[PDB]
Amino acid sequence: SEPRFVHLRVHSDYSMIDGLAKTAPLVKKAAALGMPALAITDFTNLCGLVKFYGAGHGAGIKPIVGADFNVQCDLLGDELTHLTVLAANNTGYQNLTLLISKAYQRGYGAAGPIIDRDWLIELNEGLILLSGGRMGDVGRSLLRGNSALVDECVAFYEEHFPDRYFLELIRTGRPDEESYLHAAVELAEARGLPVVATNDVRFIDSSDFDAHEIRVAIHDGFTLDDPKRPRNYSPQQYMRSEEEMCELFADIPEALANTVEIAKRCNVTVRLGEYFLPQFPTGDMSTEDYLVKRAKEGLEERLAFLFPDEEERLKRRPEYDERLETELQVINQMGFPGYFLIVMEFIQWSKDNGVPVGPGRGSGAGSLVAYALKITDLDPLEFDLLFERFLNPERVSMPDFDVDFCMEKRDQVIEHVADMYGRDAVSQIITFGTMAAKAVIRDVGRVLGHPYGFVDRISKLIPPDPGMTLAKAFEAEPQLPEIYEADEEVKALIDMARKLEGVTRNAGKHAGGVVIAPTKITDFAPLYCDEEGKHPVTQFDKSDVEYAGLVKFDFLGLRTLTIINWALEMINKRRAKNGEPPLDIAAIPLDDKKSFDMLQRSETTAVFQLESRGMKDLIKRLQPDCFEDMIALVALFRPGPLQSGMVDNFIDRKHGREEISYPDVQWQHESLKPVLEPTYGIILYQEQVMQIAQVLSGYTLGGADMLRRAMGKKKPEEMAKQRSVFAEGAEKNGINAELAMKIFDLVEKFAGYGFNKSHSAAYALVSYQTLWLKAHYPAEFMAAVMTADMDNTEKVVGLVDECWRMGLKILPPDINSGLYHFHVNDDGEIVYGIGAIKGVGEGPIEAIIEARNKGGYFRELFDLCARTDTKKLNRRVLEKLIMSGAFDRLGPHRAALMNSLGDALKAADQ
């Protein structure tokens, strides 16, 4: 008539040790079984917690936070025992988080993380414990026959968890289970403690048993059919129904009812979707006021540059002060001033120190304030970039500038970010490894007892394409179905690989970024650590950490901004000779004829994004003369636009062929003037699809961002309301309707796939600098690009060819001139970077330089080796150096020196 049983012990694959099903499928299973509630109690972690809350909301199930543990106490010796801890409330959730972090921080061995039982004295309130059945403190001791020991245990829970500790009973046809229960029942009865049924769940369906066994062998490193393989699981450990459970425990309805009682007792709030900002350093002045002070000051720099130093300014300056007012009042009203301040500061620090930040910027850049703060470097009014596409007062959201830097610099930024906000408020972020296509076949093959060669035959048939799946591999490679039909072993293989594909095997590897908290990180996420209790990371990954409301900064391997950096040093050092102030890649005008000519010719080698094949043949196929269609580029180079035949209409519509209309040949208006000029008529962007709601029908833009999302969330009722609000507002703004109910019909299909222009222009700018640099500073730019590609000998040779094809001097290796990096001669000739000689490397190079900077230096081969410290200049390095042509201006050719090297190396050691 209502709930009889909810599951209080369940692993998903985040347990890693075991488990099969992910977090959302368990939640649906529980929902389909008609349960109101569901604990996922993964093994010493809460990795899936944020995903659990999201999925529960969506399905009408209440999440019960908890975790399983190996537990250790003096009473049982070195024998580890099982406990389940549930969080009944938010005090409990915190203690549970503190536990898990304590297990990990302590370090651990082959046995895995463990907690000491005595930790459960301080870390207590708000937790409910389940005994662990036959493998718990109390269960093992009942099994013994040691009445006393049972008592010294039972006393501990009586002292510390008075009505908060349950004798767990489990019927999964495992050994000692039915003896334990029978004793535990007698214990509860006698000592007056409560019992609870659990099914110790590991997989959704009984038939998944074999898949889970395999999953475990892969973790444990055993072959399926090894007699020594630990077999700790039963086919019974599946997501059993309410009916199935009441039948299993019919003799003890209290064990079931206590399920339901515990579930009602557990209510943990996990707020999602909203920041907990940390506090910015502000001294006096409210956070709200400091933002306006520095946003206004910022705008003072931007206004003097843009509309330059002559006092016209005021001619369209009001529009600027105007828009900043609007944003400042929204940011402040929504609680975000600190978010801008802390990105603001960070971005400045990285410009100041030696850290390039990726383009990214999110949908920011539509924010005048960001530009004022120099978080972004485009003028949003110039390119009709919208603030409301980034922060909309009409909607609950988290503004994200999607800022990222390269992982290698992690140590530096954590350092600084910990100056700002405090050591333990700062932390790295976990990443998980899953078993993709190739790996899962490799591993299931191993487990099923095949030799490498057998299994590898199937693996080679899996394409290497990123994000490849088995289903797709079966689509693209006709040999896969073929052999799957022919070979039972091969089909057994793949059948199981298919159940294991995508399961979580472990943590990185490496972190995914850094997170910043308002206080201690453990007030927000638990910690995971390695065997040594080191490399602490939050147990919630990137996305999860986000949605829990921490400010985060991702890692990215993005050599593009590092190149721009290097070339920029190279340009700015040529200033010391010239002078001529230093360059600000930001003071670049975005209307440079010589750069646009360069683009129009389509020599876009080494220029961000558009260096592909098809791109060079669309640059040419339309010839962009301004910055505004640089933005357009990446929106056009897409499968969808050309599938319909939209790009075609664009390239003609410029010059071109045909004729300007706002938008369609018939269906057009004049007030759509400024909104479509930059894009030659066509609605190219989402920004513009809001803007035509705004000036035709008159939406507040905030309102217009909503219409757009509705056209995204196509459902009749939301759209029918808006279908008339547009149609009524067309008369309100005046005049001609009827036309409206047709331009609206098709603006709803120019925005079905329109680009995020603010996103587009973030990247376009970085491309434009890259273009500029090449046009204006070829020697330095190409130098820098060559420095980034130094690992790959083949790409370097491709680049020198490019250098010579664009007509630049490129000098092969020389020991007297060359450096590590690749640079520019006093004569503007690229000097080869010795790093580019595979095999040498930074140490030996470094050494050579320091020796050259000591006595000019380097008559012949002998002169070097004699000075150079031997074994820091390994003979291995001297052959490599010889054989590149480093000494070819200064005496004998390669061969003759390879027969002189031996002797050269004896005259040194003196």
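Would you mind pulling out the separation of the Cα centroids of segment 342-361 and segment 760-804, in Å?
About 22 Å separates the Cα centre of segment 342-361 from the one of segment 760-804.
Out of the DSSP beta bridges found with both residues in the chain, what percent are antiparallel (nearest 5)?
Antiparallel: roughly 55 percent of the beta bridges in the chain.
Of 51/472; 293/577; 351/593; 351/714; 315/573, which pairs sit farther than 32 Å apart, going by alpha carbon to alpha carbon?
Check vs 32 Å cut-off fails for 293/577; 351/714; 315/573.
Please work out the Cα center distance from segment 135-213 to segment 29-84, rounded to the nearest Å.
Each part reduced to its Cα centre gives a spacing of 17 Å.
Rank these for me by crowding, 484, 320, 104, going from fewest to most other beta carbons within 10 Å.
Listing 484, 320, 104 from fewest to most nearby Cβ atoms yields 484, 320, 104.
Which residue, 169, 54, 7, has the largest displacement toward the positive end of the dipole of segment 1-269 when charges sit on each Cβ (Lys, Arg +1; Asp, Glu -1)?
Value computed over the given set: 54.
What's the angle, to the nearest 10 degrees (0 to 90), between helix 209-220's Cα axis and the longest principal axis of the chain?
70 degrees
Angle, helix 842-855 long axis vs. longest principal axis of the chain, Cα atoms, 0 to 90°, nearest 10?
For 842-855 against the chain, the angle is about 40 degrees.
In degrees, nearest 10, range 0 to 90: what is the angle between the Cα axis of helix 177-191 and the longest Cα principal axis of the chain?
70 degrees
How many angstrom lie between the C-alpha centres of segment 815-881 and segment 376-405?
Spelled out, the Cα-based centre of one part sits 48 Å from the other.
Any idea what the relative contact order of the chain is, in percent, if you count C-alpha pairs under 8 Å spaced at least 6 apart?
Relative contact order here is 10 percent.
Antiparallel DSSP bridges in segment 1-269: what percent, to the nearest 5?
If we restrict to bridges inside segment 1-269, about 40 percent are antiparallel.
Using helices alone, I'd like the mean residue ellipticity at 222 nm for the chain: each DSSP H run of four-plus residues gives -39500 (n - 2.57), total over residue count, nearest 500.
-13500 deg cm²/dmol
Rank the residues 119, 804 as a footprinting-exposure proxy: fewest other Cβ atoms within 10 Å of their Cβ go first.
Taking fewest neighbouring Cβ atoms as first place, the list is 804, 119.
Looking at segment 631-735, which trypsin sites (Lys or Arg not before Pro) are in a loop (DSSP not H, G, I, E or B) and have at most 13 other Cβ atoms within 10 Å?
Counting only loop positions with at most 13 other Cβ atoms within 10 Å, the trypsin sites (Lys or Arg not before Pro) in segment 631-735 are 657, 713, 714.
Of all GluC sites (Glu not before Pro) in segment 601-701, which ones are in loop regions per DSSP and have a Cβ with at most 11 other Cβ atoms within 10 Å?
659, 670
Rank the residues 444, 537 as a footprinting-exposure proxy: fewest other Cβ atoms within 10 Å of their Cβ go first.
537, 444
Ideal geometry is used to build each Cβ from the backbone, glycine not excepted, and the neighbour counts take in all protein chains shown. Any read-out appearing in this document is the output of simple, stated calculations on the displayed coordinates, not a laboratory observation.
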